[PDB]
Amino acid sequence: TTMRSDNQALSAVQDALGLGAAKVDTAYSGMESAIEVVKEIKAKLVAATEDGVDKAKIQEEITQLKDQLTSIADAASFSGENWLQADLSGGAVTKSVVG
Amino acid sequence: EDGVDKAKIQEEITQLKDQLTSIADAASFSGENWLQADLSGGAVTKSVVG
C-alpha cells in the first residue's frame, strides 16, 4: 500500500515534470528569439558606427527592434509563470520545478 | 507545482473531505461503528465476545 501511494506520488511528479518542461521550452524559444533580435541590433549598430550613414534610420530601426524585444519578453508566457520579466525589487526570485 | 492553480485542487480536497466524512459516519452495522468514537476520556474500548 505504501508503495502504491509512492507510485501515485511519482505519477504526479511526472505530470509536474511535463508541465515544467513545457514552461522551459517556451522560455527557451522566447530567449532564442530575443538573442536573435539583439544580434540584429548589434549588427545594425556596428554598421551605423560609420559617420557617412544617417543615424535617424538606424535609430528608428533600433526603436522597432526594442519594441519587438519588449513584446517578446512580455508575450513568452506559458501559464502566467513566464520565467522572464520578473520583479527584482526583492533582489532575487527563484523558480522551482518539481523533480 | 507553482504553475498549477490551487483553487480547483481546493474544491477537489473539499469534496474528498466530505467523502471522508461520509465514509466515517455511514460505515456502521448496528450502532457500533467502531469509528467516530468519543475521545472525551481518551480510552474508549470495544470488545467482542470470544
# chains A, B, ... in the order shown; residues from 1 in each chain; ligands from 1
>>> closest_atom_pairs(of="chain A", to="chain B", cutoff="12 Å", atoms="only C-alpha atoms", output="JSON lines")
{"residue": "A:12", "atom": "CA", "partner": "B:1", "partner_atom": "CA", "distance": 9.7}
{"residue": "A:13", "atom": "CA", "partner": "B:1", "partner_atom": "CA", "distance": 8.9}
{"residue": "A:14", "atom": "CA", "partner": "B:1", "partner_atom": "CA", "distance": 11.1}
{"residue": "A:15", "atom": "CA", "partner": "B:1", "partner_atom": "CA", "distance": 9.6}
{"residue": "A:16", "atom": "CA", "partner": "B:1", "partner_atom": "CA", "distance": 6.2}
{"residue": "A:17", "atom": "CA", "partner": "B:1", "partner_atom": "CA", "distance": 9.0}
{"residue": "A:18", "atom": "CA", "partner": "B:1", "partner_atom": "CA", "distance": 10.9}
{"residue": "A:19", "atom": "CA", "partner": "B:3", "partner_atom": "CA", "distance": 8.2}
{"residue": "A:20", "atom": "CA", "partner": "B:3", "partner_atom": "CA", "distance": 8.3}
{"residue": "A:21", "atom": "CA", "partner": "B:3", "partner_atom": "CA", "distance": 11.8}
{"residue": "A:22", "atom": "CA", "partner": "B:3", "partner_atom": "CA", "distance": 11.2}
{"residue": "A:23", "atom": "CA", "partner": "B:3", "partner_atom": "CA", "distance": 9.1}
{"residue": "A:77", "atom": "CA", "partner": "B:3", "partner_atom": "CA", "distance": 11.2}
{"residue": "A:78", "atom": "CA", "partner": "B:3", "partner_atom": "CA", "distance": 9.2}
{"residue": "A:79", "atom": "CA", "partner": "B:3", "partner_atom": "CA", "distance": 6.5}
{"residue": "A:80", "atom": "CA", "partner": "B:3", "partner_atom": "CA", "distance": 7.4}
{"residue": "A:81", "atom": "CA", "partner": "B:3", "partner_atom": "CA", "distance": 6.3}
{"residue": "A:82", "atom": "CA", "partner": "B:3", "partner_atom": "CA", "distance": 9.6}
{"residue": "A:83", "atom": "CA", "partner": "B:3", "partner_atom": "CA", "distance": 10.9}
{"residue": "A:94", "atom": "CA", "partner": "B:2", "partner_atom": "CA", "distance": 11.3}
{"residue": "A:95", "atom": "CA", "partner": "B:2", "partner_atom": "CA", "distance": 8.4}
{"residue": "A:96", "atom": "CA", "partner": "B:2", "partner_atom": "CA", "distance": 7.6}
{"residue": "A:97", "atom": "CA", "partner": "B:1", "partner_atom": "CA", "distance": 6.7}
{"residue": "A:98", "atom": "CA", "partner": "B:1", "partner_atom": "CA", "distance": 6.2}
{"residue": "A:99", "atom": "CA", "partner": "B:1", "partner_atom": "CA", "distance": 9.9}
>>> residues_around(residues="residue 48 of chain A", least_positions_apart="4", cutoff="12 Å", atoms="only C-alpha atoms", output="PyMOL selection string")
chain A and resi 41-44+52-59+61-62
>>> select_by_dssp(residues="chain B", states="helix (DSSP H, G or I)", output="list in words")
residues 6, 7, 8, 9, 10, 11, 12, 13, 14, 15, 16, 17, 18, 19, 20, 21, 22, 23, 24, 25 and 26 of chain B
>>> residues_around(residues="segment 28-34 of chain B", least_positions_apart="3", cutoff="12 Å", atoms="only C-alpha atoms", output="JSON, numbers by chain")
{"B": [22, 23, 24, 25, 37, 38, 44, 45, 46, 47, 48]}
>>> write_last_selection(atoms="C-alpha atoms", output="tab-separated table (two decimals), in the first residue's frame")
chain	number	residue	atom	x	y	z
B	22	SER	CA	-19.48	10.30	4.70
B	23	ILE	CA	-17.26	7.21	4.92
B	24	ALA	CA	-16.69	7.80	8.63
B	25	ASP	CA	-20.34	8.29	9.57
B	37	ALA	CA	-15.81	7.31	18.86
B	38	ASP	CA	-15.97	9.86	21.67
B	44	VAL	CA	-12.69	4.03	24.72
B	45	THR	CA	-12.53	0.25	24.30
B	46	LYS	CA	-14.84	-2.08	22.38
B	47	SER	CA	-14.96	-5.85	22.80
B	48	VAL	CA	-16.27	-8.93	21.00
>>> closest_atom_pairs(of="segment 57-81 of chain A", to="segment 34-40 of chain A", cutoff="8 Å", atoms="only C-alpha atoms", output="Markdown table")
| residue | atom | partner | partner_atom | distance |
| --- | --- | --- | --- | --- |
| A:65 | CA | A:37 | CA | 6.7 |
| A:68 | CA | A:37 | CA | 7.9 |
| A:69 | CA | A:34 | CA | 6.0 |
| A:72 | CA | A:34 | CA | 6.9 |
| A:73 | CA | A:34 | CA | 7.7 |
